[PDB]
């Protein structure tokens, strides 16, 4: 079933329930996921109204871009030309600049395919918006099926050579309470290397580091507490995790990551080369989620994209988008029950 209602400020809330009774909801404000519940329990973080997003934190669950992550000094080279983008985090351009796509009302249309329902959000980034050459016609399709798979499909075309590397900013918290740390969740991630950050400004260091056998090694499932408790320089630098992880094997067919809590698991699939993992290292900020003060480490993202820093570390990839060329990216989050035995105590 599909249901729609006003969500506030002119935004709408689109709620889907699949045949298994799992419900998930989105809003056109930032083509974003608002909630995902199983048996009355929230699997992710979200607010109850549009205003909350604009007043507390506009990122959760949003579609972010045109370029996700930090661009050192907002400087990009496009077809032999240097371009300076809006700098909204010191001299850095973070998640596309100020008042970016995650803050806009996107138009949308719903396609009911029976076992699958698709919500296609659309938006045009005008040429020059926040320094980005365009215009760029973008679309984000969020779909949910009877198999409990939530898929995000991005598409985009530009009138001019530009840069494009968006991502989905959902935060998971299998505890279903933001006031509960995710250190109790088990994490498995098919990545042998990571990208260290230079300092508190969080731009990339310039090197790629192997993490096998360190506290950041999750190739084999381990509790998140291991990382949180680590005194490795990078962990301390960011007070948790906030880094791009380079996937060892690419392809949408492979389970790149799996997050488990007791009988529930979320598997991550994507066609992107890295996963930026941010563990809500907010300290005592205590943003309220459903009247619960969120704790430090009260959530975890899996931002699949081309790793940030490619401006400095060419090896990470090329986020350039040629005029007329069609961009596409696909990321999938699938829900499972009793996928494995996870019986721990914190």
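Residue numbers count along the first chain shown, from 1.
Peer 1: So, looking at the entry's B-factor column for Cα atoms, which has the higher mean, 244-252 or 165-173?
Peer 2: Per the PDB entry, the higher value belongs to 244-252.
Peer 1: Out of 72-80 and 220-228, which one has CA B-factors that are higher on average in the deposited record?
Peer 2: Per the PDB record, 72-80.
Peer 1: Between 95, 104, 160, 151, where does the Cα B-factor run highest in the record?
Peer 2: Checking the PDB record, the top C-alpha B-factor among 95, 104, 160, 151 is at 160.
Peer 1: At the C-alpha atoms, which of 200, 129, 260, 141 reaches the highest B-factor in this entry?
Peer 2: 200 has the highest C-alpha B-factor of those listed.
Peer 1: How does the C-alpha B factor of residue 285 compare with the rest of the chain: lowest, middle or highest third?
Peer 2: Highest third, going by the recorded CA B-factors of the chain.
Peer 1: Which third, lowest, middle or highest, does the C-alpha temperature factor of residue 314 belong to within its own chain?
Peer 2: Highest third, going by the recorded CA B-factors of the chain.
Peer 1: Comparing against every modelled residue in the chain, figure out the third that the C-alpha B-factor of residue 108 lands in (lowest, middle or highest).
Peer 2: Its C-alpha B-factor, which the entry lists for residue 108, ranks in the middle third among residues of this chain.
Peer 1: Considering only modelled residues of the same chain, in which third does the CA B-factor of residue 43 rank: lowest, middle or highest?
Peer 2: CA B-factor rank for residue 43: middle third.
Peer 1: Where does residue 123 sit by CA temperature factor within its chain: lowest, middle or highest third?
Peer 2: Lowest third of the chain for residue 123's C-alpha B-factor.
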